[PDB]
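> First portion of the complex, with coordinates as positioned in the assembly:
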Amino acid sequence: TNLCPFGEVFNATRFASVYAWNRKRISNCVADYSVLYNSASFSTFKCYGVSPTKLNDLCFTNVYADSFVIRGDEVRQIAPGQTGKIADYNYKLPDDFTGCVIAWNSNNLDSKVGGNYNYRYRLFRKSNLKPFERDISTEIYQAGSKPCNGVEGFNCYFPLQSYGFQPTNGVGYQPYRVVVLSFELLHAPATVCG
């Protein structure tokens, strides 16, 4: 039995953006969450529908590890029944979530002096995103009824915006590396079990 590669999911040197969140399929591996509790570095470990004690006795068919980076005072929006700029345009959680949300600080790693503007998120959108979909575009957003043909002018804007992560930001704006372990049960054999 090989060791389940949680290193590439938990200690990677560069991660994805929230609007372009990376999604890793974990299957047929023996994931060990017992070492997760004792890491003494997880700022947030909350499970909805499951418990940390029950996490080592339940075996699941698949493990979707959705990994991204956000501010600190925003992980609360990663939960069923929330509203904000991220719960409707970038990544939303259905009201029937049955998994765990693991988040820990990464201030001294995913930040550089002078700024780190490699992470981006959506700002303007005409509608709301239904559960578990991702949209990537650079189209021009029309606020009024002029209209504008591809030019940033009178009430016409660019929807993508960058995160200004630096060493010295406050705890609410510091980069938090979020992995949303989506436990789910399907009609396939389950062997992702510790």
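That came in fine, so what should we check first? Numbering: from 1, shown residues only, chains lettered A, B, ... in the order given.

> C-alpha only now, for contacts and for neighbours.
Noted.

> Not counting sequence-adjacent ones, nearest residue to residue A:143?
Counting by Cα to Cα, 6 or more residues apart in numbering, the nearest residue to residue A:143 once its immediate chain neighbours are dropped is residue A:155, at 5.5 Å.

> just checking, residue A:172 touches residue A:73?
Yes: under the criterion of Cα atoms under 8 Å, residue A:172 makes contact with residue A:73 at 4.6 Å.

> so what's residue A:144 up against?
residue A:155 (Cα atoms under 8 Å, 6 or more residues apart in numbering).

> Could you break chain A into its assigned domains?
A:1-114+A:167-194, A:115-166 (CATH domains of a matching chain).

> Which of the residues in stretch A:124-144 are classified as buried?
Using 16 or more other Cα atoms under 10 Å as the test for burial, stretch A:124-144 gives A:124, A:129, A:140-142.

> tell me how far the ends of it are from each other?
This stretch, stretch A:124-144, spans 13 Å end to end (Cα to Cα, to the nearest Å).

> Then stretch A:169-176?
Stretch A:169-176: ends 12 Å apart by Cα to Cα.

> Which positions in that stretch come out as buried?
Neighbour count says stretch A:169-176 has A:173-176 buried, by 16+ other Cα under 10 Å.

> contact partners of stretch A:124-136?
Contacts to stretch A:124-136, defined as Cα under 8 Å, 6+ apart, come from residues A:19-20, A:88-94, A:141, A:159.

> redo that, cut-off 7 Å
A:19, A:88-90, A:92-94, A:159 (Cα atoms under 7 Å, 6 or more residues apart in numbering).

> From those, list just the buried residues.
For the contacts of stretch A:124-136, a neighbour count by 16+ other Cα under 10 Å gives the buried set as A:19, A:88-90, A:92-93.

> then add chain B to what we have above:
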Amino acid sequence: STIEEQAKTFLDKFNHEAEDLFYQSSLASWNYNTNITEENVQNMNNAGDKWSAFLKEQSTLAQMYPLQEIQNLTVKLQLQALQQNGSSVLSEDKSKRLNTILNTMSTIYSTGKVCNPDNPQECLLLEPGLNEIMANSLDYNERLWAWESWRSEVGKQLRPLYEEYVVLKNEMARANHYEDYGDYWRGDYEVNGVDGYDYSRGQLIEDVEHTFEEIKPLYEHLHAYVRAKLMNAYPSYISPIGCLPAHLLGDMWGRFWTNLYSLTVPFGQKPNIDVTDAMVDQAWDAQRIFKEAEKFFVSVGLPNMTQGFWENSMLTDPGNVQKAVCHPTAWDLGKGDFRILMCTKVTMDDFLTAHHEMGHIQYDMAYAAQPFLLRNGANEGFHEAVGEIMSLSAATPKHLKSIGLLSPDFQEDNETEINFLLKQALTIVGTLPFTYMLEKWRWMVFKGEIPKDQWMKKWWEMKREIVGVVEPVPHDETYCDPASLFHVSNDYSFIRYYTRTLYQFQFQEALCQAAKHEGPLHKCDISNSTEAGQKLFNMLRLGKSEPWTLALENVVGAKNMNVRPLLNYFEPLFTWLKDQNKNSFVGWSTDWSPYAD
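Let me put chain B in with the others:
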């Protein structure tokens, strides 16, 4: 699909783009304030003009939205703050001339030398030069020279410039649908859009005038006592019935009377309260000071400070290998960054300012959840009042003896509380008529009620009558005395220093009434009582989203401003003053002058 929606989207994109520029400007200014050098001297200009260009395009684009189609108060206060054109309405040539004049006056003020040419030894710098020649000197002619020669040189080069400034600012003001520059400066107390709490620009004068008449008898008795006590030092230059000369008030202009305490002490044998002599021997440095100051705020129910506050805050002087000016300010870099940079010294004055800047940071952290444009105090006098009562409630002998700054049995007698009260009064009651008179002359001159020939006549006419101060030498029209002040030469407003003093004592009386305290209001302490803190917090969280009248009522119970709590705070000293003023003369004659012979 409507005006409110378009304004909302405009504000969203402004908000999510302004912070990433303001933060870099703040960080560059922080690094420069650490290191005084010519290397980074232009980073301030770069940050300033980058964010200035951003703001100017935003304000120019903001005018396509009228204010008559908005019903949401939040959005209305947000948009009204962006539509202020300012000086962009003027033509290009007029704006260039305006900026040239503004730069010239400031350069003249900053690089202005005053010296006696005949005697080479009579030459000194400003700070700590010509500023201390007016603080700890008891000579008459030596003070008179420094008083006259500063305004005979610096102020005589600012008169044609100030006249051009007056006409240009009047033209600027009349183009934004305003009346005068005075009406321009009175517009921040204006309140509208609410029912039951409205305030008008012309009502401020009425309210200030009502409060002045009530205050006048207390100041009159204080003025009589001070004038009687100053007779001993200058017996051959004052008249026992007239006025007080302007060049003997303790500083250059007369804003504060604090430096007169060494001469007007009631009980000179009683050991004054002292903590400098203890802080030296107590191994007390900034780290322990801040460690202690945190506990006081926790005691009444206020939250704790962050981890980065201890690491990123600079405390003690970095030697002489680099320079730094630490004129009194706390620091809020945005994006959740709170720091402090203070001039640490071993003195009585520094424990208090540690608590003061602590309160500043507490107020900043209270409203950090408000949107970007509304993150400020209710008006321009609210931020300095909430940091002043924290020093009041921490210096009391009830509190000091528990933290040891005072002796375990430092006796309280009526020969000590009177000294403390008079020290308090010298700094607070000796400035209100000064602020009143300066703003009154400014308003009348901007309105045109004073023609040019009466610019320097009416100035001394009101000075001699309202505040009881006369001039040592007559001044004709070529002079300009008001321009010799920093705020006048740099065009700053002045009524905030009048309103905050009124607000603070109202706050303290309300809090120490709610804390269930029995005894004189000057012996009160709100520590170890969470109700007072929970009452102050509800006001602190509001920010700029509410009118200041509502903000005042939510704590005290009245929507206006009052002087009864101040008079009650000073009643024990008022009785002593009245008892001591039985055989003296109370009142002043306006027909006296020191040079009328």
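
> mind redoing the buried residues of stretch A:124-144 now chain B's in there?
A:124, A:129, A:140-143 (16 or more other Cα atoms under 10 Å in any protein chain shown).

> Over to stretch B:467-478?
B:467-472.

> Where strands are concerned, which of those residues count?
Under the assignment DSSP state E, the buried residues of stretch B:467-478 contribute B:469-470 to strands.

> Closest to chain A out of the buried residues of stretch B:467-478?
Closest approach between the buried residues of stretch B:467-478 and chain A, by Cα to the nearest Cα: residue B:467, at 50.1 Å.

> what's near enough to touch that closest one?
Counting by Cα atoms under 7 Å, 6 or more residues apart in numbering or on different chains, residue B:467 touches B:433-434.

> same check, this time on residue B:107
No contacts exist for residue B:107 under Cα under 7 Å, 6+ apart.

> so can I have a markdown table of the buried residues of stretch A:124-144 showing secondary structure and distance to residue B:508?
A markdown table is the format used below for the buried residues of stretch A:124-144 (DSSP: H, G, I helix; E, B strand; the rest coil; distance: Cα to Cα, whole Å):
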| residue | secondary structure | distance to residue B:508 |
| --- | --- | --- |
| A:124 | coil | 47 |
| A:129 | coil | 52 |
| A:140 | coil | 55 |
| A:141 | strand | 53 |
| A:142 | strand | 53 |
| A:143 | coil | 50 |
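
> What are the buried residues along the helix or strand harbouring residue B:279?
Assessed by DSSP states H and E, residue B:279 sits inside helix B:276-281. Residues of helix B:276-281 classed as buried: B:276, B:278-279 (neighbour count, 16+ other Cα under 10 Å).

> Let me know the closest of these to chain A.
Once Cα to the nearest Cα is applied, the member of these that ends up nearest chain A is residue B:279, at 33.1 Å.

> and the closest one, what does it touch?
residue B:346.
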